[PDB]
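In the form solved without the ligand, a lone chain appears below as structure tokens.
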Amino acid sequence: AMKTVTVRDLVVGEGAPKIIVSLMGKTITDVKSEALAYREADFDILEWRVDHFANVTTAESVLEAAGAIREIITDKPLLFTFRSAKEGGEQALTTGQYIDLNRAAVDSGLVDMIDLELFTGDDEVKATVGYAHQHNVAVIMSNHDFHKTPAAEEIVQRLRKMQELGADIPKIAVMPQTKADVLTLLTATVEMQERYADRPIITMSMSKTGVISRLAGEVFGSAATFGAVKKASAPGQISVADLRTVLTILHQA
């Protein structure tokens, strides 16, 4: 049976899917103005897309920015996410730099969760998951394909490997090229959820064509969904207000 994941008092895996929004700021000044602009938006988890932050290799700066968000947004769990260039991110980093950055986030005491990419390297992932858990920081383990939708079987295999590597919440986002691809993503979601999952999972088919996948998580088994405040962090994200509207209708229908 599926256990839930509680982050800064939000319980993920129960009830209606939770809404995650991404905050993107190049400088400390932008991060602060965006955080202020997000303050009153209707979402559940705040993801900080750190790869949008210039010169992330200056430790003191990343810390300062994290502290700035944490003081403006006091009522939401914070997810620290450096999306690698490999998986659609805005910046290149070495594996070493990537792991150091996430370990720095963990020991800061400022973040509730970190995002770690499944294909970073098994050894590095196991170690960083261990380090996170030792500091009471949850891990969303992710995989993204911005060009195509892999076969359902391959999608399920990846989500299963995320569980094996210790993810608190497995997450996969794929790009549909056809309408059938959207159904392939939902099939994988259902099969994973019904046969192998023992914790919450997050799945999505990107683009306007895949939008339905961001709304039907309650029936098909995705525990959270991404929405946009102003600009999307990945294609297909709709406004958090509209997202909450639909999720509530579906929760009570």
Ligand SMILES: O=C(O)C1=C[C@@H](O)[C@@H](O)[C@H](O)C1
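Take the two forms, find the largest set of C-alpha atoms that superpose within 1.5 Å, and that set is the rigid core. We number the residues from 1 along the sequence you see. Only residues modelled in both forms are compared.
In what follows, reference is made to the form deposited with the ligand bound, a form of this protein that is not presented.
57-65, 44-52, 27-35, 192-200: which one contacts the ligand in the entry with it bound at 4.5 Å, heavy atom to heavy atom?
It is the stretch 44-52.
Given that the ligand is not shown alongside this chain, does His144 nevertheless sit within 4.5 Å of it in the entry with it bound, heavy atom to heavy atom?
Heavy-atom contact with the ligand at 4.5 Å: present for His144.
How about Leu185 - does it come within 4.5 Å of the ligand in the entry with it bound, if we only consider non-hydrogen atoms?
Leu185: no, not in contact with the ligand in the entry with it bound.
Please determine whether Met204 contacts the ligand in the entry with it bound, using a 4.5 Å cut-off between heavy atoms.
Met204: contacts the ligand in the entry with it bound.
Which residues from 145-178 come close to the ligand in the entry with it bound, meaning a heavy atom within 4.5 Å?
The stretch touches the partner through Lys171 alone.
Return the sequence-ordered list of stretches, each of 3 or more consecutive shared residues, in which all C-alpha shifts are 2 angstroms or more between the shown form and the other one following rigid core superposition.
Shifted run of three or more residues, which all move 2 Å or more: only 231-236.
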